């Protein structure tokens, strides 16, 4: 179950702020964040180094987003391809509390434990959970799971990290025997790398 992570123990976790915290994201290099496409809105400020999002604790960096790129195939009705890129107006200063997370070179296997993190209650919360089998995932949500999603279990846009790689983005679910559903990042690595290299 969920627990308090501890301040800055997830240094790639970002908060997206439009006047309030509305979604999480993951820092993938000094200039770029990955989040969920369903988090898209105007006027995004990226907040790095956060623990308590309501208190300035001394390790934060606040940087305006300069560009947002929603995946070309994003379908908001089904949440298929629920992934977006956010460019920072200026490069983050990387340190022990503000660090990038590596993209995977291959997909993760069912049964691998992952760290899922996010807010939602003002400090960062964490959950360790294994990737579920395809059958368990699709049986929980008949007709709704595509090859661009996976489930884990037993803050939209936040990271799912497995074996040191960003394998998922918090996308949707009904757990509020219904596990969380995550965008399958390994399907998008080419698109991520090309899109950031061209922007």
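Numbering follows the first chain given and starts at 1.
According to the record, 4 to 9 deposited residues between residue 120 and residue 121 are left without atomic coordinates. The modelled chain breaks between residue 154 and residue 155, where 10 or more residues of the deposited sequence lack coordinates. Higher average CA B factor: 128-136, of the stretches 128-136 and 26-34. If you average the C-alpha B-factors over 14-22 and over 177-185, the higher value belongs to 177-185. By the numbers in the PDB entry, the CA B factor is greatest at 147 among 45, 147, 61, 54. Remark: residue 195 belongs to the lowest third of its chain, ranked by C-alpha B-factor as recorded. Placement of the Cα temperature factor of residue 68 within the chain: middle third of the modelled residues, per the deposited record. Among the modelled residues of its chain, residue 100 has a C-alpha B-factor that falls in the middle third according to the deposited record.
In the deposited entry, the Cα temperature factor of residue 86 places it in the lowest third of its chain's modelled residues. Looking at the C-alpha B-factors along this chain, the one for residue 142 belongs to the highest third.
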